[PDB]
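Form deposited in one PDB entry, single chain, as structure tokens, below.
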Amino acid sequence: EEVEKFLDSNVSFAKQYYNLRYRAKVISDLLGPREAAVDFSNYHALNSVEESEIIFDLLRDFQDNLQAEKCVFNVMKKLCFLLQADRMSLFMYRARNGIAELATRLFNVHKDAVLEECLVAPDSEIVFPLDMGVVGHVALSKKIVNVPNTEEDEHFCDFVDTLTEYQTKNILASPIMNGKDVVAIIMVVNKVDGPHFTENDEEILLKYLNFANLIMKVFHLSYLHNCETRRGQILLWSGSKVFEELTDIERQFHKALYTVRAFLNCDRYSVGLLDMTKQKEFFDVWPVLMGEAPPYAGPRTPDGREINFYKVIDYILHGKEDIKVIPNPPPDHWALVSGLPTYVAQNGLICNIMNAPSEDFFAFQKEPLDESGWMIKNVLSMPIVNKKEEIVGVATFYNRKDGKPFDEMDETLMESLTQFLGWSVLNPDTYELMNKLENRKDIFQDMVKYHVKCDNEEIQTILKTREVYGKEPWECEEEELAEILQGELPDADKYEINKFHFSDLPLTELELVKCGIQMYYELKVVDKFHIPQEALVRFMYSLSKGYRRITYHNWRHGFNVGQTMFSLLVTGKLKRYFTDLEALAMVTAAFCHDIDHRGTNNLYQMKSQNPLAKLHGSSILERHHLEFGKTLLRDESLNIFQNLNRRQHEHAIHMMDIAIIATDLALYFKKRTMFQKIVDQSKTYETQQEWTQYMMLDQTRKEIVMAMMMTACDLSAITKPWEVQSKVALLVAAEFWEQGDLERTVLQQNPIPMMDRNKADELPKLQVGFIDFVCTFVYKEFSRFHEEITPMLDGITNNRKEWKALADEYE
């Protein structure tokens, strides 16, 4: 009894004690699967107990996975009792074709209804444009609207009242607002108490719209998140397939659309490619102008081309996947019958169509195309536009997989896809420019080959097969060709082709060509590698034609370098370190070293921005000659190395790249020290045979020796007797003065005294400066290497004496 008084006197003390132990039990019971203990089969104001139970019941619908429609309907049923309204409805906000509309989702909701009796299927949808009555007014107003008395108070519509044989006099609606965009509109119609709705009902609606707003907010965000995720995947997957290869437009578009077929969420969709021909040829225009054929009168693209779908790609995803490509589709093709792709190509506008059969503007198929009864219900068509604002194709997307019309999110998804495809038309354009540019290059390269390759009439000046046997060279046996050449080729000893003082002045170009073939014979490489005689003669003659008719770098310079290399191997005994295969490539590389020399320096190619300069950033003319020399060797009739096996061919080529590029003076000035080390080390061996055997094995030092030997041969004109040198000089200076004039007129630059005509009388001073700076090191070391190349050093020393004498006279 005492405790009873203590609890009863201090009622507050009994409160938090109840809160301490009996509060968890209350909350757990209330939040569990319980139904509100309020007599909804009545009409009265709710006290705190009933109000709390209604709130708790609405809170109980916040379970996982948030079924949006069921939870909203539950709020609607409670709002029926609280607001004393008769029926409630919900209008989802939707936007297609840029205009907004409201589509019914829940209709005829009363306090004694179920979800199935009020849910609205897409086929039973009622669509309200924003320019209509109270439903449209609320969406535009974004504020509670209370139609208090009757329908004579502006912006009221009678369609649904006639459609549903119902009468609406009292309306109180409010929009569900997701920050700045309207998601749905909730509405009440009529009121079974008497005179409409009071401000209390507006407060009740606002109070209990908090739960409905949260449910729609989750539903709206999940849909937005899913749509944006699909757009990211579409762009990524499309980019992956676009950049896989460089292919034409039909192959590229087919790959991209097929890959992203999962994210589009459509049953069927097809793409029609328009012809891009803007102008016809003259012979196709003549019949029209002369009246033979009537002019074109069909629809035209905005840029001014005839609308002609030449290829249509069809994707079918009904359940039996099928992809077809139709060339020249018939005008009654199922995709093109409606005329919508033609309309899109004509106007270039994005088209969104709901209820395609009921659309009278386009002749859509009202019959089931498929045996399963696949109606065409929703269609969305947009044009594919390249960077020139021309229409490349029309992409059409048919019924969605969920049955709902294409809203603003579907339009944005496919618009990004068509924007990406329209941009990616650049790749097929480059691919078409690819084949044309490659074919044009091959055509011109074949044109050069004819102008340089020796023909059947010119080869008879050396082979003379017609006079001896009466047959053409390609019919004569190798023994017969050898017998003719033996009596035609000049004698090596008589012409002194293996001497360091040999002069080409009293010989003609044909005699130089005959000499060149003889040097190949004297190396015993024709029989060893089974080089065909006709190919050898044709190759040497084509080399004669390849060299330009310029002052110094003509074919005569090419032979003198090649002749010197032959003498260095034979007379200089530098062949003792090299194999027969290498000597064959080394001599051949010398003959082709400055093959298509234009008479201009490497630095000139830098300054004039020649196509050679852009192609070869490094040493230019050395690489250009190497490429051209290989091109001549690749031809069948000119391929000397055609009888060499795989291993020998690459080794022969490898010597050719190094030797030809070694002719650059920039490379020589960098590696001249390494050659000095090699020649210095050569003196640490007891016998010459020991050094030789070491040289056959090491390949890096063989290449460096070969690279230096190219430099010695290239400048070998300085070692010739004074009579030959005095004419070779002033013959290359003429080439330098021509380039100097080119730089003055073309580049508006003052040339160096080496290139200047005004300093012609100062030339001998530069030659001494040239000998003392470049040529002296080449031959001083080589003469130290081999005692047999002493005449080269003796020749240049004599020449420097004469040039110095001339320079002394000038001073």
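Each residue number is its position in the shown sequence, starting from 1. We call the rigid core the largest set of C-alpha positions that still match within 1.5 Å between the two forms.
Missing here is the form deposited in another entry; even so, the following discussion is about that form.
Among the residues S141, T150, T229, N210, the single one whose Cα moves by at least 2 Å between the shown form and the other one, once the core is superposed, is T150.
Superposition on the rigid core between the shown form and the other one places the CA atom of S9 2 Å or more away from its counterpart. Core-superposed comparison between the shown form and the other one: CA of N47 displaced by 2 Å or more. Relative to the superposed core, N645 undergoes a Cα shift smaller than 2 Å between the shown form and the other one.
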